[PDB]
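J.: Sharing a structure below in structure tokens format, with a few things to ask.
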Amino acid sequence: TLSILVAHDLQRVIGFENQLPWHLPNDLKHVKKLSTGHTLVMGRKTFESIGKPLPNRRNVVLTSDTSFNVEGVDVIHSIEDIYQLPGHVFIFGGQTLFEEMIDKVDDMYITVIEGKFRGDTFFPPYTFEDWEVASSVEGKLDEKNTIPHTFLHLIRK
Ligand SMILES: NC(=O)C1=CN([C@H]2O[C@H](COP(=O)(O)OP(=O)(O)OC[C@H]3O[C@@H](n4cnc5c(N)ncnc54)[C@H](OP(=O)(O)O)[C@@H]3O)[C@@H](O)[C@H]2O)C=CC1
Ligand SMILES: CCc1nc(N)nc(N)c1C#C[C@H](C)c1cc(OC)cc(-c2ccncc2)c1
């Protein structure tokens with residue numbers, strides 16, 4: 001199973017100066033629920049921005065640096081190596097990798113942040129003509145989750 005796992009805002013911003021533009025604890029738990037026990041693939045810049053691999057799942061980093069090695073991180077150097085990964089595999093970031101992968105994945109788990117942030121990293125444009133809406137669930141606003149957001153699970157037609 002090959003999926004995209006992304007959060008972007010109303011203009012597809014997914015990042016600004018190595019950071020998430022928004023603090024949204026509910027989306028983290030959403031990420032933890034979907035990806036625990038499975039595989040996360042990410043480009044080198046996405047990984048360095050987190051700074052440590054995420055617990056209780058396989059962390060795979062794509063890079064051309066043959067010296068790259070991090071404890072708890074499996075390295076690949078080829079787009080093609082992604083397809084040799086066993087199990088449910090999530091493309092986690094960033095813009096470059098999504099651009100390479102958005103035409104290959106079976107489905108996408110998008111968190112739409114109903115806001116307009118300043119960004120420098122973008123999720124690629126996509127149209128609903130090509131994706132069926134398997135589910136659309138609004139996140140709940142509260143104390144710590146203060147921006148409207150929506151979980152989409154889109155499947156390719
Ligand atoms: N929401 C998110 O996913 C967030 C992501 N980011 C980031 O993404 C931003 C923009 O950078 P972006 O380039 O999209 O990040 P990526 O995570 O996609 O990293 C790109 C890197 O991945 C490696 N790579 C990609 N494709 C291949 C390939 N086909 N073969 C071998 N290696 C490959 C290269 O690593 P190498 O150069 O080592 O060879 C390349 O430089 C960064 O500023 C960073 O902060 C920032 C905040 C949030
Ligand atoms: C959740 C945000 C998020 N949500 C969804 N639904 N998909 C995603 N792919 C990401 C994402 C992301 C990037 C990799 C990111 C950047 C970052 O910059 C500091 C910190 C984290 C992060 C710190 C702590 N735990 C998990 C992830 C993740």
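Following the order of the structure tokens, first chain is A, next is B, and so on, with residues numbered from 1 inside each chain and ligands from 1 in the order they appear.
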Select from chain A every residue with an atom at most 10 Å from any atom of ligand 2, then for each give the shortest pair of atoms and their distance in Å to one decimal, using only C-alpha atoms and all ligand atoms, rows by chain and rising number, as CSV.
T.:
```
residue,atom,partner,partner_atom_place_in_ligand_line,distance
A:4,CA,ligand 2,9 (N),7.9
A:5,CA,ligand 2,7 (N),4.5
A:6,CA,ligand 2,7 (N),3.3
A:7,CA,ligand 2,5 (C),4.2
A:8,CA,ligand 2,5 (C),8.0
A:14,CA,ligand 2,11 (C),7.8
A:15,CA,ligand 2,16 (C),7.7
A:16,CA,ligand 2,18 (O),9.2
A:17,CA,ligand 2,18 (O),9.2
A:18,CA,ligand 2,18 (O),6.0
A:19,CA,ligand 2,18 (O),4.3
A:20,CA,ligand 2,18 (O),5.2
A:21,CA,ligand 2,18 (O),8.9
A:22,CA,ligand 2,2 (C),8.9
A:23,CA,ligand 2,1 (C),8.8
A:24,CA,ligand 2,1 (C),7.8
A:25,CA,ligand 2,1 (C),8.1
A:26,CA,ligand 2,1 (C),8.9
A:27,CA,ligand 2,4 (N),5.7
A:28,CA,ligand 2,1 (C),4.7
A:29,CA,ligand 2,1 (C),8.3
A:30,CA,ligand 2,6 (N),6.8
A:31,CA,ligand 2,6 (N),5.5
A:32,CA,ligand 2,26 (C),7.8
A:34,CA,ligand 2,6 (N),9.1
A:35,CA,ligand 2,7 (N),9.8
A:40,CA,ligand 2,9 (N),9.0
A:41,CA,ligand 2,9 (N),9.7
A:42,CA,ligand 2,14 (C),7.5
A:43,CA,ligand 2,14 (C),9.2
A:45,CA,ligand 2,14 (C),9.1
A:46,CA,ligand 2,14 (C),5.3
A:47,CA,ligand 2,14 (C),6.5
A:48,CA,ligand 2,18 (O),8.5
A:49,CA,ligand 2,18 (O),5.0
A:50,CA,ligand 2,20 (C),4.5
A:51,CA,ligand 2,19 (C),7.7
A:52,CA,ligand 2,24 (C),8.7
A:53,CA,ligand 2,26 (C),8.8
A:54,CA,ligand 2,26 (C),6.5
A:55,CA,ligand 2,25 (N),9.0
A:90,CA,ligand 2,9 (N),8.6
A:91,CA,ligand 2,9 (N),7.5
A:92,CA,ligand 2,9 (N),4.2
A:93,CA,ligand 2,9 (N),5.6
A:94,CA,ligand 2,14 (C),7.2
A:108,CA,ligand 2,6 (N),9.9
A:109,CA,ligand 2,6 (N),6.9
A:110,CA,ligand 2,6 (N),6.0
A:111,CA,ligand 2,6 (N),5.2
A:112,CA,ligand 2,6 (N),8.6
A:113,CA,ligand 2,6 (N),9.9
A:151,CA,ligand 2,6 (N),8.3
A:152,CA,ligand 2,6 (N),9.7
```
J.: As a PyMOL selection string, please: all residues of chain A that backbone DSSP puts in alpha helix (DSSP H).
T.: chain A and resi 25-35+44-50+95-101
J.: Determine, counting only C-alpha atoms, which protein, DNA and RNA residues have an atom within 9 Å of an atom of residue A:75; residues of the same chain fewer than 3 positions away are not included. Present the result as a ChimeraX atom specification.
T.: /A:59-63,66,68-70
J.: For atom CA of residue A:36 and atom CA of residue A:57, quote the distance in Å rounded to one decimal.
T.: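 Distance between the two atoms: 5.2 Å.
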J.: Please list as a list in words every residue within 12 Å of residue A:157, counting only C-alpha atoms and excluding residues in the same chain fewer than 6 positions away.
T.: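 Answer for this query is residues 103, 105, 106, 107, 127, 128, 129, 130, 131, 132, 133 and 134 of chain A.
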J.: Give the strand (DSSP E or B) residues of chain A, as assigned by DSSP on the backbone, as a ChimeraX atom specification.
T.: /A:2-8,13-16,19,39-43,58-62,70,73-76,89-93,107-113,121-122,131-138,149-156
